[PDB]
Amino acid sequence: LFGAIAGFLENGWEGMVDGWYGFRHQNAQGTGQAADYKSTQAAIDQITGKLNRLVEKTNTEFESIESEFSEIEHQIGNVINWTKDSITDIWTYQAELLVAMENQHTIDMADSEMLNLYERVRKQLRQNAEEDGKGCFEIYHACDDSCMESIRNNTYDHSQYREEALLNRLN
């Protein structure tokens, strides 16, 4: 667990329907919402990679060893019965583990990309902002829609506003 999804983020945005991960902002102009392509594709690329492994078919032909319409000798039938049940017990265990092991890693991977998106933004904002604990960053300079976009564009230049932010933080 990386502490983000169902961790310090209180809940999910049902409103966000264009991505797995996103931004919501607030400034004077108003409030917005956008979705982050990179990180969602990272997560969905890793899911669809799992599903291909799932669907790798392995073509081993099998014939019939127990008749459906005729009598089979009692002793060989109990041997076939024991073997076949034993293989099914194996494959039932193998499937149930597979799904449980995969799901655990699917959840936590989805968690990590959220925390990787969050971390990138924190490092970008630098000393011009502070974390509020609920996954938000409080910014100490005016940031208009074209600036908020530069945070999502990954092109936000922290040194531009560094003078104004630092003065607001310290008073």
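Note that residue numbering begins at 1 and tracks the sequence as displayed. Between two forms, the rigid core is defined as the largest C-alpha subset superposing within 1.5 Å.
Two stretches, 59-67 and 102-110, are weighed by how far their CA atoms sit from the shown form in 6 other deposited structures of this protein after rigid core superposition; the farther one is 59-67.
For the pair 141-149 and 126-134, the mean Cα B-factor is higher in 141-149.
Of the two segments, 97-105 and 82-90, the one listed with the higher mean B-factor is 97-105 (C-alpha atoms only).
In this entry, the residue among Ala43, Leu115, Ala28, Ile65 with the greatest C-alpha B factor is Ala28. Annotation for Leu54: CA B-factor lies in the middle third of the chain's modelled residues. In the PDB entry, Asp36 places in the highest third of its chain by CA B-factor. When all modelled residues of the chain are sorted by CA temperature factor, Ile5 is found within the lowest third.
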